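Only one structure is covered here, and it is reproduced in the block below.
Throughout, a chain's letter reflects where its sequence line sits, starting with A, and its residues are numbered from 1. Quick note: numbers below take in every heavy atom, side chains included, and nothing from hydrogens, waters or symmetry partners.
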Protein chains: 2
Amino acid sequence: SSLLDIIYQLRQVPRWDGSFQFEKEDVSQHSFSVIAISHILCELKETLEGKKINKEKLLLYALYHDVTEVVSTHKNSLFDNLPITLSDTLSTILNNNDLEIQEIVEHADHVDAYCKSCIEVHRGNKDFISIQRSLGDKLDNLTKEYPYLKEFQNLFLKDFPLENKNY
Amino acid sequence: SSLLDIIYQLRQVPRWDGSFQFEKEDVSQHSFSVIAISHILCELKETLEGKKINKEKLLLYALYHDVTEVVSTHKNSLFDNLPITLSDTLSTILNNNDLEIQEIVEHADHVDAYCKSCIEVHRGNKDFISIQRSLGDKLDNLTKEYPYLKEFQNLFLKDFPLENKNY
Ligand SMILES: [Mg+2]
Ligand SMILES: [Mg+2]
């Protein structure tokens, strides 16, 4: 199985190609943030909409949401010699039809892109100012239709990144 | 809350300090791999030991297993303005007493360190040969006591990284 190789190969897939970055990020760093953001968004959505979401399937889907970018950058070798318990879980993630999980991860993906733009602008990267504005405007519109995104915005995105890191 | 800031700040925490690396890895890349390895190990352990493990708590624990390294490198600002649903989940991860989850993540942590050594040696880094041998010897001993680690070894660690990436 090439599954473990693909997990580490994601470090070789860059993002934001064509734009100058003070910090070049890869898909593994991006997917790490999307997992964490997906879980936070899901907890907020659970309380606001009065529900419980299966966070196992959500976190696993966010974990592999850009796994196809090892081929197409930014499916038969995965299951080779793979046991039935791993192939079933991998098939459920790869052939997901849970629209709510897809929506949360898509929102988390947009939040991460906006966070990346905030960090670059914070570093002094004027080339990301227009990217931050477009991603921020689209995010503001999403907060009008998804209350859990507005809650996330009020909790973290009002001062990001932190002025003084007092942990 | 500094939670989101800390998630991205983990990119600034290096690993393997004092050793030459062809690819300097950070804690976010490392934690991404540990999450994926923890889930794979858990599925194998479930089938071999005849059980079901709560993968939500496992994945979340692996997600934040090195979150304390934003201060100590390689707790009151986290809960500031944090809602009760997020503080409870964060407290459960930070104050975990599930010994099985801790053991799986500790094993996944050792597997990732060995995988990193394999990649560096594969790149041609002779300085990681002795590290790979020590990590490999300790892993071989663990396979004698934990059958799910031996299964993982047979599935992925016999040819890692892949000679020819045929995806
Ligand atoms: Mg993505
Ligand atoms: Mg670790």
Side-chain angles (χ1 to χ4, degrees), chain A residues 7-8 10-16 19-40 62-63 66 74 108-109 111-128 131-132 135 155-167, chain B residues 1-36 60-80 82 90 93-94 105 109 112-113 115-116 119-120:
Chain A
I7 285 158
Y8 285 90
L10 283 165
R11 303 182 180 193
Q12 308 302 325
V13 185
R15 286 168 53 85
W16 304 96
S19 301
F20 171 81
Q21 308 170 65
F22 281 120
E23 294 178 278
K24 291 188 174 58
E25 74 176 7
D26 62 77
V27 173
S28 73
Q29 299 171 322
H30 158 77
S31 303
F32 175 80
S33 298
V34 169
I35 295 166
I37 297 172
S38 294
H39 165 245
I40 294 170
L63 173 62
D66 284 331
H74 180 269
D109 189 81
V111 167
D112 167 81
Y114 174 76
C115 288
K116 165 67 174 181
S117 69
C118 290
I119 295 174
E120 287 288 336
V121 172
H122 171 74
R123 301 282 187 247
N125 192 339
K126 292 182 168 58
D127 279 8
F128 266 78
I131 298 178
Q132 180 189 37
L135 294 174
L155 290 176
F156 308 104
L157 302 181
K158 301 306 190 174
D159 182 27
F160 186 87
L162 265 52
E163 277 180 277
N164 191 15
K165 305 177 184 295
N166 296 321
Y167 298 153
Chain B
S1 177
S2 62
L3 179 57
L4 189 64
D5 195 80
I6 281 180
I7 285 158
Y8 285 90
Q9 193 66 21
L10 283 165
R11 303 182 180 193
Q12 308 302 325
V13 185
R15 286 168 53 85
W16 304 96
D17 42 12
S19 301
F20 171 81
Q21 308 170 65
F22 281 120
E23 294 178 278
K24 291 188 174 58
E25 74 176 7
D26 62 77
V27 173
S28 73
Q29 299 171 322
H30 158 77
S31 303
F32 175 80
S33 298
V34 169
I35 295 166
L60 290 175
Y61 182 83
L63 173 62
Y64 295 107
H65 83 280
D66 284 331
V67 75
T68 63
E69 298 188 4
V70 199
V71 185
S72 62
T73 71
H74 180 269
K75 298 169 185 174
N76 258 11
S77 62
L78 282 172
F79 306 92
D80 178 33
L82 205 61
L90 179 59
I93 302 167
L94 199 148
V105 174
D109 189 81
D112 167 81
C115 288
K116 165 67 174 181
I119 295 174
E120 287 288 336

For A/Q12, which residues count as a side-chain contact (heavy atoms from CB on, under 4.5 Å) partner, sequence neighbours excluded?
A/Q9, B/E23, B/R123
Applying side-chain contact (heavy atoms from CB on, under 4.5 Å), name anything that partners B/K75, two or more places apart in sequence or on another chain.
none
Quick one: CD on B/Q29 to OH on A/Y8, what's the gap to the nearest 0.5 Å?
10.5 Å
Looking at side-chain heavy atoms only, is the closest gap between B/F32 and A/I7 below 4.5 Å?
yes
Residue pairs meeting salt bridge (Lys or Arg N to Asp or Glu O under 4.0 Å), one or both in residues 60-74 of chain B, sequence neighbours left out, come to none
Under a 4.5 Å cut-off applied to non-hydrogen side-chain atoms, are B/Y64 and B/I6 in contact?
no
Residues which pass side-chain contact (heavy atoms from CB on, under 4.5 Å) with A/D127, listed by chain and number, not counting sequence neighbours:
A/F20, A/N125
Any idea which heavy atoms bring A/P161 and A/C118 closest together, and the distance?
CD-O, 3.8 Å
Gap between atom CZ of B/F79 and atom CG of B/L90 - 0.5 Å precision:
4.0 Å
Please report the interatomic distance CG(B/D26) to CG(B/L10), rounded to the nearest 0.5 Å.
8.0 Å
Who pairs with B/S2 by side-chain hydrogen bond (donor to acceptor under 3.5 Å, both in side chains), at least two apart in sequence or on another chain?
B/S77
A/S117: side-chain contact (heavy atoms from CB on, under 4.5 Å) partners, not counting sequence neighbours:
A/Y114, A/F128, A/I131, A/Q132, A/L135
In Å and rounded to the nearest 0.5 Å, what is the CZ to CG distance from A/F156 to B/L82?
5.5 Å
ring-ring contact (aromatic ring centres under 6.0 Å, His included) against A/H30, all qualifying residues, sequence neighbours excluded:
A/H65
Evaluate the criterion side chain to side chain contact (heavy atoms under 4.5 Å, CB included) for residue pair B/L4 and A/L162; output intermediate values, then yes/no.
CA-CA 9 Å; B/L4 189 64; A/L162 265 52; over 6 Å; no
May I ask you to decide if B/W16's main-chain N or O and B/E25's side chain share a donor-acceptor pair within less than 3.5 Å?
no
Determine, stepwise, if the pair B/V67 / B/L94 fulfils side chain to side chain contact (heavy atoms under 4.5 Å, CB included).
CA-CA 9 Å; B/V67 75; B/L94 199 148; 5.7 Å; no
Quick one: side-chain hydrogen bond (donor to acceptor under 3.5 Å, both in side chains) partners of A/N166, sequence neighbours excluded?
A/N164
Compare every heavy atom of A/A108 with every heavy atom of A/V34, then report the nearest pair and how far apart it is.
O-CB, 3.9 Å
Strictly distance-based, threshold 3.5 Å: is any side-chain N or O of B/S1 a donor or acceptor partner for the main-chain N or O of B/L78?
yes
Only counting residues at least two apart or in another chain, list the ones meeting side-chain hydrogen bond (donor to acceptor under 3.5 Å, both in side chains) with A/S31.
none
Quick check: does any side chain N or O of A/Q21 sit under 3.5 Å from a backbone N or O of A/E120, one acting as donor and the other as acceptor?
no
Residue pair B/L63 / B/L60, side-chain heavy-atom distance below 4.5 Å
yes
Apply salt bridge (charged side-chain N to carboxylate O under 4.0 Å, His left out) to B/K24 and list each qualifying residue two or more places apart in sequence or on a separate chain.
none
Pairs in or reaching into residues 158-167 of chain A: which pass salt bridge (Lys or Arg N to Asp or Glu O under 4.0 Å), with residues at least two apart or in two chains?
A/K165-B/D5
Applying side-chain hydrogen bond (donor to acceptor under 3.5 Å, both in side chains), can you list everything that pairs with B/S33, at least two apart in sequence or on another chain?
A/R11
